[PDB]
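Asks: This is the structure I want to talk about, given as structure tokens.
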Amino acid sequence: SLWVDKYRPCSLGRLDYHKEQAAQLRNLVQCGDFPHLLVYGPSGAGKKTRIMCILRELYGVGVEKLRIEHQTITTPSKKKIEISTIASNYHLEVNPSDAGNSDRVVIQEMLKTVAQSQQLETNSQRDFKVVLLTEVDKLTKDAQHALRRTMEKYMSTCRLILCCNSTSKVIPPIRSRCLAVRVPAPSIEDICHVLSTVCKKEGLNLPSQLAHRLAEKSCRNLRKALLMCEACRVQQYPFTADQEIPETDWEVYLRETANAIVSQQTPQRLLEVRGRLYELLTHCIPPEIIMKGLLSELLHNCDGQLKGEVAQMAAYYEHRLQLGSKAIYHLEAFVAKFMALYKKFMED
Amino acid sequence: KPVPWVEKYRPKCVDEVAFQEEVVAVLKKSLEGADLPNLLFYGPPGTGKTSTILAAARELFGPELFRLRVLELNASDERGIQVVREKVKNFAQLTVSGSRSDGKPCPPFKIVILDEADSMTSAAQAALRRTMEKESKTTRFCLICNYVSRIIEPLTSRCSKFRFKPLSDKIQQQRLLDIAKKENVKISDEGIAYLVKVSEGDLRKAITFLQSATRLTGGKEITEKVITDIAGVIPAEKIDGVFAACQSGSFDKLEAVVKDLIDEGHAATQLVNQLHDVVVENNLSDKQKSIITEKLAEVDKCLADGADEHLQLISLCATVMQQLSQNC
Amino acid sequence: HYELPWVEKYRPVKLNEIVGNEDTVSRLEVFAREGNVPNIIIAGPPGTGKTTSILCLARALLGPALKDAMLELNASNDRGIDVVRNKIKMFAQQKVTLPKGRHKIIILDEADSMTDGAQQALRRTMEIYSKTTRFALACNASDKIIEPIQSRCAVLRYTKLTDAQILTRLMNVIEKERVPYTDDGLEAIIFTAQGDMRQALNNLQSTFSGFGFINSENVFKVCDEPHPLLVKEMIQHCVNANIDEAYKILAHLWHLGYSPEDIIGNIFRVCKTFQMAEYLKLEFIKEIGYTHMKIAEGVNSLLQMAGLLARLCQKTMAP
Amino acid sequence: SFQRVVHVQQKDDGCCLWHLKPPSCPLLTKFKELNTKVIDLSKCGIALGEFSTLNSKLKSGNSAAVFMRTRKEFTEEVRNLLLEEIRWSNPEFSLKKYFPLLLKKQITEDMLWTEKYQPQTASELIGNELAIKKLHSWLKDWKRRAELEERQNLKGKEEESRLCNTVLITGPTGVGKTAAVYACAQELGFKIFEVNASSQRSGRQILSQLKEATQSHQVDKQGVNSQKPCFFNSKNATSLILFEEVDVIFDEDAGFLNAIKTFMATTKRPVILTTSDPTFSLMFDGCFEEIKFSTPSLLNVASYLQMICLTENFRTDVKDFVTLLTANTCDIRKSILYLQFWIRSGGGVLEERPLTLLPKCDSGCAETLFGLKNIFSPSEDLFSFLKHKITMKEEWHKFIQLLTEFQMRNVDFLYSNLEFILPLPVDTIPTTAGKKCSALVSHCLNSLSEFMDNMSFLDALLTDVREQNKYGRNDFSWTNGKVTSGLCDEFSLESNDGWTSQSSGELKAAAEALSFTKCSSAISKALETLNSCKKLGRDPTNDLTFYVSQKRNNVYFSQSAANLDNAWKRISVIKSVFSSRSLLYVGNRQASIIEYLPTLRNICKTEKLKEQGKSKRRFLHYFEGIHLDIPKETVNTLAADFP
Ligand SMILES: Nc1ncnc2c1ncn2[C@@H]1O[C@H](COP(=O)(O)OP(=O)(O)OP(O)(O)=S)[C@@H](O)[C@H]1O
Ligand SMILES: Nc1ncnc2c1ncn2[C@@H]1O[C@H](COP(=O)(O)OP(=O)(O)OP(O)(O)=S)[C@@H](O)[C@H]1O
Ligand SMILES: Nc1ncnc2c1ncn2[C@@H]1O[C@H](COP(=O)(O)OP(=O)(O)O)[C@@H](O)[C@H]1O
Ligand SMILES: Nc1ncnc2c1ncn2[C@@H]1O[C@H](COP(=O)(O)OP(=O)(O)O)[C@@H](O)[C@H]1O
Ligand SMILES: [Mg+2]
Ligand SMILES: [Mg+2]
């Protein structure tokens with residue numbers, strides 16, 4: 001229990017930002033027939049805590065207890081797949097993107113069991129059970145078609161909550177029937193407010209300069225800000241205005257990878273950069289995150305006309321990375337094309 | 001217990017629909033002999049195809065039997081075409097006895113409302129053709145589709161084709177005001193104009209958006225901001241900021257603008273749509289419009305494939321910046 | 001009086017009559033001559049001589065005891081979970097008097113079609129009864145066989161037959177059948193059977209039955225592929241960046257009723273042996289593969305093939 | 001009936017588009033006349049070898065090389081020399097205590113080598129010494145309890161002990177779980193009652209036929225006792241129950257889990273559970289002692305197979321065995337069986353290699369393991385084939401066949417061994433002349449970048465034979481990956497395509513071979529000019545070296561370019577960290593590791609650095625001070641560094 005979940009708000013009245021949206025979601029809940037929700041926004045914005053607040057407003061306090069169960073579903077290709085699940089008496093939470101192209105093997109089946117439970121469990125509180133869908137943006141085309149037919153079939157049976165970061169990959173049929181809840185990232189002052197409130201509730205005091213530095217370093221990620229504040233608490237018992245905020249280890253590793261890319265353009269350096277990217281990939285860092293970090297740390301050393309070409313190359317190879325399966329090929333292909341272009345730029 | 005307004009506020013019977021004259025005439029001539037042929041309704045979405053034929057089925061069949069003898073199916077099933085083939089096969093296999101108390105014996109056929117018929121492959125349409133000729137007399141089909149030209153030769157040659165021309169903004173605003181006054185929600189008429197502008201002729205999306213705004217605001221005034229957040233439309237000042245950053249010719253402010261749009265939660269596909277709508281209706285040169293629109297098409301394809309919104313948007317904005325700075 | 005197919009009439013009876021895969025065939029030869037063959041799984045493309053090799057191996061190992069010491073189960077049999085647990089297990093426990101170094105053989109042809117539960121039951125019964133029985137499995141895609149089954153066997157790999165070997169066996173069949181022929185018909189038969197000996201023998205018999213002479217026009221009349229001369233001319237036009245003549249050939253092929261799939265397959269097969277430079281061949285193969293993937297995904301029109309010819313023309317017309 | 005069909009379109013008068021005519025511009029009016037006249041194929045006859053690799057000349061005498069191998073039995077002296085050679089190859093291996101046991105085992109054949117060299121004594125198990133120590137000790141307490149029961153019976157006429165009545169052994173396939181329990185049972189005189197998936201095991205069946213084995217004595221206590229009666233229905237020896245492959249549950253095995261739980265509650269004799277599914281230990285409820293067989297060390301199993309071949313008068317190198325075990329992912333049984341097949345066929349090839357650290361060595365097992373000897377002439381080496389340039393059609397077909405045989409496994413051969421086969425120096429990790437050297441380095445880098453862009457093209461824009469991430473997500477993932485195989489007898493009934501795999505593999509193989517040929521030819525052309533730069537005095541050969549790992553240099557060829565042990569450790573510590581009770585309820589997975597894990601490692605590293613400076617002891621009370629129930633070895637793992 002770190003500071004990120006010990007002080008997570010439990011009801012819609014305890015939220016500190018997006019208060020108008022919180023009141024709108026409360027009015028949504030009080031109508032009694034709230035629709036499928038499509039909650040989206042950047043990572044660390046506060047989508048999950050708002051969904052939890054909605055769930056605590058819908059049902060009683062009993063949603064606050066959770067339990068983990070494992071479900072083994074037989075694929076139509078006759079190869080059983082077992083997935084984990086967080087659940088309660090009133091709601092289910094699932095992430096079928098873990099099932100690969102067999103995500104529909106979750107989608108057409110799992111919620112069906114919940115629908116079965118909706119004719120098995122009777123509570124006389126509400127006529128539905130909320131199914132939370134995490135990382136619905138990572139589903140495939142046929143998985144989303146299965147989800148569409150599923151919410152058509154069990155509309156009056158269960159309600160759907162779809163949490164994502166980007167609604168670009170989701171189909172327009174899946175958006176045409178869900179109420180869209182856009183949760184933007186909190187501002188700097190809002191992160192400072194949350195950090196000061198969380199430090200006061202713990203009994204410590206942090207200066208406004210340190211809170212502003214943490215909020216600026218978090219890149220409008222509230223969870224990253226809370227984790228960095230906890231790390232600063234670990235480093236020093238009192239909070240000083242000049243206390244060094246510690247940096248992320250894989251981020252600084254990516255920074256030295258970019259420095260090694262820039263420094264020398266040789267096949268040997270290309271092989272060490274490939275080894276570094278393999279080391280990052282073995283740490284379960286997503287390759288899209290690696291590409292974004294590499295582009296962010298390579299555009300500092302670039303020149304104005306080179307920046308557009310480098311950004312377009314990074315986008316091209318990241319789309320190739322999405323299409324392919326072995327991401328090291330696309331990562332190092334972007335890397336090697338960048339060293340070739342950078343060398344050609346530096347010779348002239 | 002309750003039902004959303006988009007199906008519960010449909011026309012009950014034929015000729016209650018609006019802005020269709022020939023369609024209603026031939027439909028009424030079909031209802032007069034109680035002989036409804038195979039139907040092919042094509043037009044823009046939300047024009048009122050489904051409401052019209054559901055009204056026709058309510059005219060033809062009794063309301064206690066109208067739900068029993070129609071079956072709404074979707075053609076974008078990912079499990080193949082044999083699933084909907086066996087579904088219509090065992091829907092028409094059962095012959096449940098029904099009668100009307102008004103003094104008219106019911107016609108023996110059933111109705112399959114098969115929508116998104118233009119999303120079927122040619123082999124799937126051929127399987128549908130063999131299913132329709134198998135069930136030639138026990139059930140007469142209808143196909144709701146967006147475009148008539150996607151439906152292959154043997155199906156389109158035998159179903160009567162009806163075009164649903166899109167409703168104008170004024171009739172849509174009148175209908176939306178009717179819904180607002182009948183449902184007791186207080187919303188100003190310029191908000192309703194914003195609703196019909198945002199939905200872009202999709203009356204069904206407009207009704208759904210109005211219901212969502214009513215049940216999300218809480219009986220207070222529906223401002224344009226609530227509608228904008230519900231529909232996912234990016235406000236025009238963000239589009240103007242994107243274009244100003246591209247016209248500046250500096251990459252850092254372009255990155256700042258793209259990051260500001262990304263961390264606000266705004267979708268990249270909506271931004272691509274609004275940039276395209278801005279670009280195709282400006283005073284740009286033809287080569288600039290061509291390059292920008294081609295790049296927008298490839299960026300839309302890459303975003304559908306799951307590529308990162310930040311990288312795709314910064315590549316598109318770099319292309320737009322180069323096009324806007326190569327002439328100045 | 002009945003006309004036996006030349007596939008079965010000229011089936012190899014001895015293990016030395018099998019062409020191709022000389023290393024594995026020789027290892028099976030010395031195992032048939034010596035004995036104590038382990039559990040094997042022969043994987044490879046169809047028509048390469050896996051069933052023939054296993055049958056000749058078991059015949060050479062058993063002889064007169066093949067009638068009772070051999071249990072063959074192909075995909076036409078049941079081979080269910082209860083069949084694996086009962087019939088195979090009682091044959092494994094069955095007492096058969098055999099010479100020293102000779103074991104009972106349980107051939108499981110087409111182990112791809114074997115159900116996963118059947119293999120999961122097959123694991124331990126293949127492991128424990130190895131003192132008296134042996135297992136010989138044959139499959140096309142070894143990935144369909146589960147991992148413990150592959151762990152309990154020795155996996156042998158078969159490859160496609162080189163056109164030299166198919167030509168030698170074709171001459172062997174021709175010189176025992178009084179088949180008039182020419183060299184172009186032989187090239188056509190070898191082309192229509194890409195590494196398959198069964199397809200080569202079937203096409204030779206079909207061309208001999210339909211016309212009685214082996215030339216290229218007869219072979220392609222009885223087999224009805226898109227003609228490699230037409231595809232070679234189309235590829236040559238694309239090398240010279242002539243979109244008009246290449247599309248003329250493509251539209252002629254399209255109006256003859258050929259599918260996109262065999263057209264792009266024949267395009268790849270002709271382009272594999274086309275006489276051009278290495279860089280042009282690489283770009284052609286890459287574009288043909290991209291177009292073939294697009295055909296496989298579902299979009300298969302003449303617009304796709306016209307866009308390929310053009311991407312092939314612009315490979316040469318542009319640096 | 002036969003009603004008429006009409007196309008009703010709401011065609012209002014006007015709109016300038018409903019009634020349209022062809023435009024009067026001359027560009028779209030002069031339509032070109034279509035001609036169907038194609039060239040005539042009757043006159044053009046097809047020459048031999050035009051569309052294939054057919055040659056008029058044929059090789060005679062080069063093929064059909066019969067071995068006729070008569071392996072002489074090795075003398076004592078050369079056996080001692082080869083034993084010392086394996087001693088040099090494996091300094092940590094104790095060579096002397098294993099050879100006489102295998103000599104006794106070997107001292108016309110009719111059983112497999114897996115049961116010919118079956119370990120009869122538990123010390124002959126290779127690796128997993130903690131697991132076999134725990135199992136041997138546990139069976140010692142159970143035999144002690146059986147002897148105590150016998151002593152109590154003859155005299156008549158347990159939290160502190162914590163002797164749980166069952167263990168669950170889990171591990172990979174073929175590492176030796178069943179061999180370990182059989183060896184321990186033979187050592188301690190137990191009588192194994194094996195229940196496997198090859199026999200009908202329904203719940204009432206196994207209950208009514210095997211409870212009395214646990215609850216009662218054995219009628220025959222002396223004589224022929226240490227046997228293995230496999231249950232089915234179509235010194236004193238203590239009974240033992242073994243459940244082989246418990247994760248394999250069928251519909252006919254009705255209530256098998258309830259039956260084995262009833263066995264668990266009411267037994268008086270030891271029970272072993274053997275499985276290879278890691279999820280079962282989390283799925284099964286009950287109290288059992290967990291025993292995990294880790295994957296054994298590659299050098300130890302390589303020296304064990306070297307012992308096996310040395311007993312059979314065969315001399316081999318450890319590198320070929322390391323390649324075989326890397327390809328077989330350290331499966332001991334699969335390696336032993338393939339070694340038996342390959343040795344009893346007459347070995348690979350007769351080659352002489354002088355090693356002091358003598359009969360001719362027998363390298364080349366991994367080459368014929370993948371069937372590459374079926375493509376190549378027996379005078380051709382694989383890397384010698386890859387290094388030289390390729391011009392003639394027949395060895396072009398050989399290259400294509402090599403790559404497509406390696407492509408059915410979805411394995412990238414030329415990428416995994418790119419350094420060792422490119423014409424560039426490879427080393428294991430421990431002015432106008434400058435313009436010319438930089439131009440050569442840029443040429444090499446451009447060729448490499450073009451090749452690997454082409455390979456990204458192949459990986460993304462071409463069809464793959466096996467559908468990747470079919471049941472899990474892509475490689476290096478922590479959330480799942482435990483996709484067990486099917487367990488049901490009904491068929492798949494799928495609509496997969498077979499043409500788009502057979503053609504796809506050939507297409508990918510052809511494109512990969514062509515791209516590698518282009519890159520290698522360009523690099524060789526660039527290195528032709530290295531003599532001019534060496535004459536100029538500047539040497540960029542160092543800038544041209546390839547720095548590969550030591551473990552990648554131990555193989556003839558690698559199946560992958562990564563470190564699998566590293567990745568398995570990283571995913572394992574991720575599951576270990578996020579299996580903690582407070583962190584089980586974190587919703588997401590991507591941002592969960594991305595944000596939670598580095599600050600956890602940062603807090604661990606700060607705690608370790610604070611404890612390295614001799615501060616107060618209360619500083620070690622941060623993690624459990626806020627109730628982070630996380631195991632300590634994972635905390636020490638996170639506190640080390642970030643690689
Ligand atoms: N290597 C070969 N040498 C000689 N004849 C062969 C060879 N391979 C196939 N044939 C001929 O082709 C026929 C069919 O061969 P099979 O062994 O049945 O093919 P297969 O290996 O079983 O491949 P399948 O069954 O499609 S997986 C044989 O009866 C022979 O006449
Ligand atoms: N560590 C080992 N030392 C010696 N021989 C071994 C070892 N591991 C496997 N073997 C040999 O390989 C054979 C098969 O081993 P098993 O114990 O059956 O494999 P397993 O651990 O049970 O995995 P399964 O049963 O395939 S899931 C044994 O009978 C031995 O001949
Ligand atoms: N109104 C708030 N007050 C205090 N803390 C908050 C508030 N909203 C969010 N947080 C904190 O920020 C983090 C947001 O994480 P999460 O809910 O998972 O959002 P996302 O799903 O977008 O990452 C939570 O750990 C929570 O503790
Ligand atoms: N011509 C019309 N007359 C009356 N109502 C209409 C008309 N067109 C659309 N509507 C209303 O708009 C909604 C459109 O729904 P639907 O019939 O599904 O549209 P479509 O079939 O065109 O997709 C219905 O709720 C209906 O009440
Ligand atoms: Mg066969
Ligand atoms: Mg075992």
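Ordering of the structure tokens sets the chain letters (A, B, ...); residue numbers start at 1 within each chain; ligands are numbered from 1 in the order shown.
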Give me the chain B side of the contact with ligand 3, cut-off 12 Å, one line per residue showing its nearest atom pair and distance in Å at one decimal, counting only C-alpha atoms and all ligand atoms, sorted by chain and residue number, as a tab-separated table.
Replies:
residue	atom	partner	partner_atom_place_in_ligand_line	distance
B:263	CA	ligand 3	22 (O)	10.8
B:264	CA	ligand 3	22 (O)	11.9
B:265	CA	ligand 3	22 (O)	10.3
Asks: Within 9 Å of ligand 4, which residues show up when you count only C-alpha atoms and all ligand atoms? List them as a short mmCIF file (atom, residue, chain, number, x, y, z; two decimals) with N, CA, C and O atoms, in the first residue's frame, please.
Replies:
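Result file pocket09.cif:
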data_model
loop_
_atom_site.label_atom_id
_atom_site.label_comp_id
_atom_site.auth_asym_id
_atom_site.auth_seq_id
_atom_site.Cartn_x
_atom_site.Cartn_y
_atom_site.Cartn_z
N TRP B 5 -34.44 6.84 -26.24
CA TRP B 5 -35.41 7.57 -27.05
C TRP B 5 -35.30 7.27 -28.54
O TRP B 5 -36.26 7.49 -29.27
N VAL B 6 -34.15 6.77 -29.00
CA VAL B 6 -33.93 6.65 -30.44
C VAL B 6 -34.82 5.58 -31.06
O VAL B 6 -35.30 5.75 -32.19
N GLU B 7 -35.09 4.47 -30.36
CA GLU B 7 -36.08 3.52 -30.86
C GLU B 7 -37.49 3.77 -30.35
O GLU B 7 -38.45 3.42 -31.05
N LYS B 8 -37.65 4.35 -29.17
CA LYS B 8 -38.99 4.53 -28.62
C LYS B 8 -39.71 5.75 -29.19
O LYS B 8 -40.93 5.88 -28.99
N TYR B 9 -39.02 6.64 -29.90
CA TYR B 9 -39.63 7.81 -30.51
C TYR B 9 -39.62 7.73 -32.04
O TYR B 9 -39.69 8.76 -32.72
N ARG B 10 -39.53 6.52 -32.58
CA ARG B 10 -39.62 6.30 -34.01
C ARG B 10 -41.06 6.51 -34.49
O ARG B 10 -41.99 6.53 -33.68
N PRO B 11 -41.26 6.70 -35.80
CA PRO B 11 -42.63 6.67 -36.34
C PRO B 11 -43.28 5.32 -36.09
O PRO B 11 -42.68 4.26 -36.30
N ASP B 15 -46.10 6.71 -43.36
CA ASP B 15 -46.48 8.08 -43.68
C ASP B 15 -46.30 9.00 -42.46
O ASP B 15 -46.40 10.22 -42.60
N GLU B 16 -45.99 8.46 -41.28
CA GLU B 16 -45.53 9.28 -40.17
C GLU B 16 -44.08 9.71 -40.36
O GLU B 16 -43.64 10.66 -39.70
N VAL B 17 -43.35 9.05 -41.25
CA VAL B 17 -41.98 9.46 -41.55
C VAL B 17 -42.01 10.75 -42.37
O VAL B 17 -43.04 11.17 -42.91
N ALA B 18 -40.85 11.39 -42.46
CA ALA B 18 -40.74 12.71 -43.07
C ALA B 18 -39.74 12.69 -44.22
O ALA B 18 -38.84 11.86 -44.28
N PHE B 19 -39.96 13.62 -45.16
CA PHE B 19 -39.07 13.93 -46.28
C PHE B 19 -38.87 12.76 -47.24
O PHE B 19 -37.92 12.78 -48.02
N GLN B 20 -39.74 11.75 -47.20
CA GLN B 20 -39.76 10.70 -48.21
C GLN B 20 -41.15 10.67 -48.82
O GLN B 20 -42.15 10.65 -48.10
N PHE B 41 -32.80 -1.07 -48.75
CA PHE B 41 -32.81 0.32 -48.34
C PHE B 41 -31.38 0.82 -48.28
O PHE B 41 -30.58 0.35 -47.45
N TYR B 42 -31.04 1.79 -49.13
CA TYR B 42 -29.72 2.39 -49.13
C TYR B 42 -29.83 3.89 -48.98
O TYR B 42 -30.77 4.52 -49.47
N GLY B 43 -28.85 4.47 -48.27
CA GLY B 43 -28.81 5.88 -48.01
C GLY B 43 -27.83 6.17 -46.90
O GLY B 43 -27.19 5.27 -46.36
N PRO B 44 -27.67 7.45 -46.55
CA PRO B 44 -26.79 7.80 -45.43
C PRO B 44 -27.36 7.29 -44.12
O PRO B 44 -28.58 7.08 -44.00
N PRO B 45 -26.52 7.05 -43.11
CA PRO B 45 -27.03 6.55 -41.83
C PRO B 45 -27.87 7.59 -41.11
O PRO B 45 -27.68 8.80 -41.26
N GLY B 46 -28.83 7.10 -40.32
CA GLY B 46 -29.72 7.97 -39.58
C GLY B 46 -30.77 8.66 -40.41
O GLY B 46 -31.43 9.57 -39.92
N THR B 47 -30.93 8.25 -41.67
CA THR B 47 -31.93 8.84 -42.55
C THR B 47 -33.33 8.32 -42.27
O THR B 47 -34.31 8.97 -42.64
N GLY B 48 -33.44 7.18 -41.60
CA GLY B 48 -34.73 6.67 -41.21
C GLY B 48 -35.16 5.44 -41.97
O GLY B 48 -36.35 5.22 -42.19
N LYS B 49 -34.19 4.63 -42.40
CA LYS B 49 -34.52 3.39 -43.08
C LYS B 49 -35.15 2.39 -42.11
O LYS B 49 -36.25 1.88 -42.35
N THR B 50 -34.47 2.15 -40.99
CA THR B 50 -34.91 1.15 -40.01
C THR B 50 -36.25 1.53 -39.40
O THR B 50 -37.12 0.67 -39.22
N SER B 51 -36.43 2.81 -39.07
CA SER B 51 -37.70 3.28 -38.53
C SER B 51 -38.82 3.08 -39.53
O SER B 51 -39.93 2.66 -39.16
N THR B 52 -38.55 3.33 -40.81
CA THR B 52 -39.56 3.17 -41.85
C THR B 52 -39.98 1.71 -41.99
O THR B 52 -41.18 1.41 -42.04
N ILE B 53 -39.02 0.78 -42.03
CA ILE B 53 -39.46 -0.58 -42.30
C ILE B 53 -40.02 -1.22 -41.03
O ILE B 53 -40.93 -2.05 -41.10
N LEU B 54 -39.55 -0.80 -39.85
CA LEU B 54 -40.19 -1.25 -38.62
C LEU B 54 -41.62 -0.73 -38.53
O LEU B 54 -42.52 -1.45 -38.08
N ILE B 144 -30.63 -3.60 -45.21
CA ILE B 144 -30.27 -2.21 -44.93
C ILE B 144 -28.79 -2.07 -45.24
O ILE B 144 -27.96 -2.79 -44.68
N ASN B 146 -25.49 0.88 -46.60
CA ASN B 146 -25.08 2.27 -46.80
C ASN B 146 -25.03 2.62 -48.28
O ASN B 146 -25.54 3.67 -48.69
N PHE B 164 -32.84 6.54 -49.59
CA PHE B 164 -33.29 7.43 -48.53
C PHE B 164 -32.43 8.68 -48.57
O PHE B 164 -31.32 8.70 -48.03
N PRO B 166 -30.93 12.20 -47.61
CA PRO B 166 -30.75 12.68 -46.23
C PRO B 166 -31.63 13.88 -45.91
O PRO B 166 -31.90 14.73 -46.75
N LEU B 167 -32.06 13.92 -44.65
CA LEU B 167 -32.90 15.01 -44.18
C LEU B 167 -32.10 16.31 -44.11
O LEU B 167 -30.90 16.31 -43.83
N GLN B 172 -34.53 18.37 -39.33
CA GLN B 172 -33.85 17.74 -38.21
C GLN B 172 -33.93 18.60 -36.95
O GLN B 172 -34.13 18.08 -35.85
N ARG B 175 -37.47 18.30 -35.63
CA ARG B 175 -37.65 17.03 -34.94
C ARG B 175 -36.95 17.02 -33.59
O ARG B 175 -37.49 16.52 -32.60
N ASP B 202 -26.78 12.95 -39.14
CA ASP B 202 -27.10 11.68 -38.49
C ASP B 202 -28.10 11.99 -37.39
O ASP B 202 -27.74 12.40 -36.29
N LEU B 203 -29.38 11.79 -37.70
CA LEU B 203 -30.43 12.10 -36.73
C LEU B 203 -30.39 11.13 -35.56
O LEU B 203 -30.71 11.51 -34.43
N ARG B 204 -30.01 9.87 -35.81
CA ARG B 204 -29.92 8.90 -34.72
C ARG B 204 -28.82 9.28 -33.73
O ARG B 204 -29.03 9.20 -32.51
N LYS B 205 -27.66 9.71 -34.23
CA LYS B 205 -26.61 10.19 -33.35
C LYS B 205 -27.04 11.45 -32.60
O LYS B 205 -26.68 11.64 -31.44
N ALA B 206 -27.83 12.31 -33.25
CA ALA B 206 -28.32 13.51 -32.59
C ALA B 206 -29.27 13.17 -31.44
O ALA B 206 -29.19 13.76 -30.37
N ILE B 207 -30.17 12.20 -31.66
CA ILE B 207 -31.10 11.78 -30.61
C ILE B 207 -30.34 11.14 -29.45
O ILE B 207 -30.62 11.42 -28.28
N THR B 208 -29.35 10.29 -29.77
CA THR B 208 -28.56 9.66 -28.72
C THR B 208 -27.74 10.68 -27.94
O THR B 208 -27.64 10.59 -26.71
#
Asks: Taking only C-alpha atoms into account, name the residue in C:208, C:158, C:10, C:279 that is nearest to residue 41 (chain C).
Replies: C:158
Asks: Dump the neighbourhood of ligand 1 as a list in words: all residues within 6 Å, distances computed on only C-alpha atoms and all ligand atoms.
Replies: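 Final answer, ordered by chain and number: residues 7, 8, 10, 11, 18, 19, 20, 46, 47, 48, 49, 50, 51, 52, 139, 140, 197 and 198 of chain C.
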Asks: When the cut-off is 12 Å and we count only C-alpha atoms, which residues of chain C are near chain B, given as a ChimeraX atom specification?
Replies: /C:298-301
Asks: Go ahead and write the selection's residues with C-alpha atoms as a CSV table (one decimal), in the first residue's frame.
Replies:
chain,number,residue,atom,x,y,z
C,298,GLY,CA,-9.0,-10.6,-48.6
C,299,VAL,CA,-8.6,-7.8,-51.1
C,300,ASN,CA,-8.1,-9.7,-54.4
C,301,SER,CA,-9.1,-7.6,-57.4
Asks: Skipping near chain neighbours, those fewer than 5 positions away, what residues fall within 8 Å of residue 263 (chain C) using only C-alpha atoms, listed as a list in words?
Replies: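 Non-adjacent residues within range: residues 226, 253 and 258 of chain C.
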Asks: To check your reading of the model: which residues sit at most 12 Å from ligand 6 when counting only C-alpha atoms and all ligand atoms? Write the answer as JSON, numbers by chain.
Replies: {"C": [123, 124, 125, 127, 128, 148, 151, 152], "D": [168, 169, 170, 171, 172, 173, 174, 175, 176, 177, 178, 179, 180, 181, 182, 194, 195, 196, 197, 242, 243, 244, 245, 246, 247, 272, 273, 274, 275, 276, 277, 293, 333]}
Asks: Select, as a PyMOL selection string, those residues of chain B with any atom no more than 8 Å from chain A (distances computed using only C-alpha atoms).
Replies: chain B and resi 2+76-78+205+212+215-218+229-232+250-251+262-269+302-309+311-312+314-316+318-319
Asks: Between chain A and chain C, at 12 Å or less, what are the per-residue closest atom pairs and their distances in Å? Count only C-alpha atoms, order by chain and rising residue number, and return it as a Markdown table.
Replies:
| residue | atom | partner | partner_atom | distance |
| --- | --- | --- | --- | --- |
| A:77 | CA | C:116 | CA | 10.7 |
| A:78 | CA | C:116 | CA | 8.2 |
| A:79 | CA | C:116 | CA | 8.5 |
| A:80 | CA | C:116 | CA | 11.1 |
Asks: Go ahead and write the selection's residues with N, CA, C and O atoms as a tab-separated table (two decimals), in the first residue's frame.
Replies:
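The result, stored in out.tsv:
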chain	number	residue	atom	x	y	z
A	77	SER	N	-10.37	-23.33	-31.54
A	77	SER	CA	-9.29	-24.15	-32.08
A	77	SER	C	-8.82	-25.23	-31.11
A	77	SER	O	-7.79	-25.86	-31.37
A	78	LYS	N	-9.54	-25.42	-30.00
A	78	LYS	CA	-9.32	-26.49	-29.02
A	78	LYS	C	-7.94	-26.39	-28.37
A	78	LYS	O	-7.13	-27.32	-28.42
A	79	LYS	N	-7.69	-25.24	-27.74
A	79	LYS	CA	-6.49	-25.03	-26.94
A	79	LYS	C	-6.87	-24.07	-25.81
A	79	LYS	O	-7.03	-22.88	-26.05
A	80	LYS	N	-7.00	-24.60	-24.60
A	80	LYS	CA	-7.52	-23.82	-23.48
A	80	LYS	C	-6.55	-22.72	-23.06
A	80	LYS	O	-5.33	-22.92	-23.05
